[PDB]
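> This one's experimental. Sequence and coordinates below.
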Amino acid sequence: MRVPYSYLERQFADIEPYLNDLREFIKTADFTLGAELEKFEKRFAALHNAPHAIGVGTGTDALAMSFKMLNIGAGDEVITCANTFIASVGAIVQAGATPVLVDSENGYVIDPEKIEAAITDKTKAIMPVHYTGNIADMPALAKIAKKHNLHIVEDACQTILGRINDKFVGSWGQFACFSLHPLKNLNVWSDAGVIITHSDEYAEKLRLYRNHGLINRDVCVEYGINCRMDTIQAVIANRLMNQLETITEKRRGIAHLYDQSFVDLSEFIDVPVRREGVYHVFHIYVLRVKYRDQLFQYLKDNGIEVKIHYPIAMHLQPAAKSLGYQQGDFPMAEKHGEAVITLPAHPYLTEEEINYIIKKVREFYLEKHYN
Ligand SMILES: Cc1ncc(COP(=O)(O)O)c(CN)c1O
Ligand code: NA
Ligand code: NA
Ligand code: NA
């Protein structure tokens, strides 16, 4: 059996309804900041019980633009996690700020107990990453931010529908930033980002900033950039998001089945603790395992498209050299690169495929293929 990591071919196999939507959309020629984009934004904001969503060019830009709104840039420090995707740190640098790294904890998110030690006179914000779809410990982070007068920007680019009990992501930061770039639980056919905020003023400012600072075709009130989400992609999003809630819950269901299927293999497989009240959206299903390289080769040889997210931690990337960190600074993020593997875990998998993955993972260890 070959079990694909990507579900895109399956997800968009029933293609005609999308093409039909496009056929009608093209007649309107409403390509730029059009009605469909506003429709999308209102639905997306509502999903997170927030008053405003602003569609922008990419998730990375969403983060950088959030820092711009907060006047965070040259000479400022932004604390984030050493265990994350490059764009998290890239966005800080794009804004002109200096990224400062803190280790992760049991569930791949920023360790709240390690944040204060990293605070300096230059710190202006904390940027927790809701990494793998897990939600950072926001009440703890909010407490720290309040104590030190710091802004929070939530990197939710893997975390549409993320929530802790009564509070959706976006409840704590001035901004929460998301991505619709495939793959995501809600993905369009290109790059796209979204900023949500509860601030009327910041929402208005962002709508100017994403569109050259133009308040109308004749007047630019303040220099801005060209960074808006495409109206035509909002067409795609508006159809797919009809399935967003079901996609996300089914993905959680698969993750739970995996958690249960490996519970007796704690000698070989470390399943992260699932924190109470935390609606982990399982963007990816990541385990820490023994003999990781060997397991990876084995599963691949058996047709399962496993991946590693990611082998080289932020502080060990060539781009990060000038930050001055060294191997040993971030033990959790370092062990992560050595130990993690990601299993295909998307809701377009068949029951047979999911069972096959479980069988092969167990078999590797039970039959001692590591020897
Ligand atoms: C944690 C994280 N933050 C930011 C981004 C950047 O998002 P985008 O690809 O839309 O720029 C990504 C990638 N989607 C991400 O995984
Ligand atoms: Na935590
Ligand atoms: Na996804
Ligand atoms: Na496009």
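Received it, and whenever you're ready, just let me know what you need. Numbering: from 1, shown residues only. Ligands and ions are numbered 1, 2, ... in the order given.

> Helices of the stretch 101-250 of the chain, start to end?
138-147, 200-209, 231-240, 244-261 (DSSP state H, counting those that start in this stretch).

> again, but for the stretch 251-371 of the chain
Under DSSP H, counting those that start in this stretch, the stretch 251-371 of the chain gives helices at 292-301, 331-339, 351-366.

> The chain against ligand 3: which residues are in contact?
183, 184 (CB under 5 Å from the ion). For every residue, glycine as well, the C-beta is placed using N, CA and C.

> Can you name the residue of the chain nearest ligand 1?
Per CB to the nearest ligand atom, residue 59 is where the chain lies closest to ligand 1, at 2.7 Å.

> Return the distance of that residue relative to residue 156.
Computed as CB to CB, to the nearest Å, the residue 59 to residue 156 distance reads 9 Å.

> Tell me which of those two has more neighbours.
Ranked by neighbour count (other CB atoms under 10 Å), residue 59 and residue 156 place residue 156 first, with 33 against 27.

> List the buried residues of stretch 19-39.
For stretch 19-39, the neighbour count (16 or more other CB atoms under 10 Å) marks 21, 25, 30, 33, 34, 36, 37 as buried.

> Take the residues you listed and lay them out in JSON lines including secondary structure.
Below are those laid out as JSON lines (DSSP: H, G, I helix; E, B strand; the rest coil):
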{"residue": "21", "secondary structure": "helix"}
{"residue": "25", "secondary structure": "helix"}
{"residue": "30", "secondary structure": "coil"}
{"residue": "33", "secondary structure": "coil"}
{"residue": "34", "secondary structure": "coil"}
{"residue": "36", "secondary structure": "helix"}
{"residue": "37", "secondary structure": "helix"}
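
> CSV please, covering the residues you listed and showing distance to residue 291.
What follows is those, written out as CSV (distance: CB to CB, whole Å):
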residue, distance to residue 291
21, 48
25, 51
30, 55
33, 52
34, 53
36, 49
37, 48
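
> of all these, which two lie farthest apart?
Using CB to CB, the pair of those lying farthest apart is 21 and 33, separated by 18.4 Å.

> ok, residue 45 - contacts?
51, 52, 53, 196 (CB atoms under 8 Å, 6 or more residues apart in numbering).

> ok now the helix or strand hosting it, how far from the chain's centre?
Residue 45 belongs to helix 35-47 when assigned by DSSP states H and E. Distance of helix 35-47 from the chain centroid (CA atoms, centre = their mean, to the nearest Å) equals 19 Å.

> how about the CA coordinates for it, as PDB?
The C-alpha trace of helix 35-47 is given here as PDB (Å, rounded to 0.1, in the frame of the first residue of the first chain):
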ATOM      1  CA  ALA A  35     -17.400  41.200  -2.400                       C
ATOM      2  CA  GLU A  36     -16.300  37.600  -2.100                       C
ATOM      3  CA  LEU A  37     -13.300  38.600   0.100                       C
ATOM      4  CA  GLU A  38     -15.500  40.500   2.500                       C
ATOM      5  CA  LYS A  39     -17.900  37.500   2.700                       C
ATOM      6  CA  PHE A  40     -15.000  35.300   3.500                       C
ATOM      7  CA  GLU A  41     -13.500  37.600   6.100                       C
ATOM      8  CA  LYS A  42     -16.900  37.900   7.900                       C
ATOM      9  CA  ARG A  43     -17.200  34.100   8.000                       C
ATOM     10  CA  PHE A  44     -13.600  33.600   9.100                       C
ATOM     11  CA  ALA A  45     -13.800  36.300  11.900                       C
ATOM     12  CA  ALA A  46     -17.100  34.600  13.100                       C
ATOM     13  CA  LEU A  47     -15.400  31.200  13.300                       C
END
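
> between that helix and helix 244-261, how big is the angle?
Per axes from the mean of the first three to the mean of the last three CA atoms, to 10 degrees, the angle that helix 35-47 makes with helix 244-261 is 50 degrees.

> returning to that earlier point: got CSV for the helices of the stretch 251-371 of the chain, with mean neighbour count and distance to residue 185 too?
Formatted as CSV, the helices of the stretch 251-371 of the chain follow (neighbours: other CB atoms under 10 Å; distance: least, CB to CB, whole Å):
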stretch, mean neighbour count, distance to residue 185
helix 292-301, 16, 24
helix 331-339, 17, 23
helix 351-366, 17, 17
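
> between the ones you listed, which one is nearest to residue 166?
helix 331-339 (29.1 Å).

> hmm, who's touching that closest one?
With CB under 8 Å, 6+ apart as the criterion, helix 331-339 contacts 81-83, 103-105, 108, 111, 270, 288-290, 292, 310-316, 327-328.

> let's see 7 Å
82-83, 103-105, 288-289, 292, 310-314, 327 (CB atoms under 7 Å, 6 or more residues apart in numbering).

> Put the alpha carbons of that helix into PDB.
Presented in PDB, the C-alpha positions along helix 331-339 are these (Å, rounded to 0.1, in the frame of the first residue of the first chain):
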ATOM      1  CA  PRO A 331      17.600  20.900  24.800                       C
ATOM      2  CA  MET A 332      13.900  20.300  23.900                       C
ATOM      3  CA  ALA A 333      14.100  21.900  20.500                       C
ATOM      4  CA  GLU A 334      17.300  20.000  19.900                       C
ATOM      5  CA  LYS A 335      15.900  16.600  21.000                       C
ATOM      6  CA  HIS A 336      12.900  17.400  18.700                       C
ATOM      7  CA  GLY A 337      15.100  17.500  15.600                       C
ATOM      8  CA  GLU A 338      16.600  14.100  16.600                       C
ATOM      9  CA  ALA A 339      13.400  12.300  17.600                       C
END
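
> Please consider this matter closed, and thank you.
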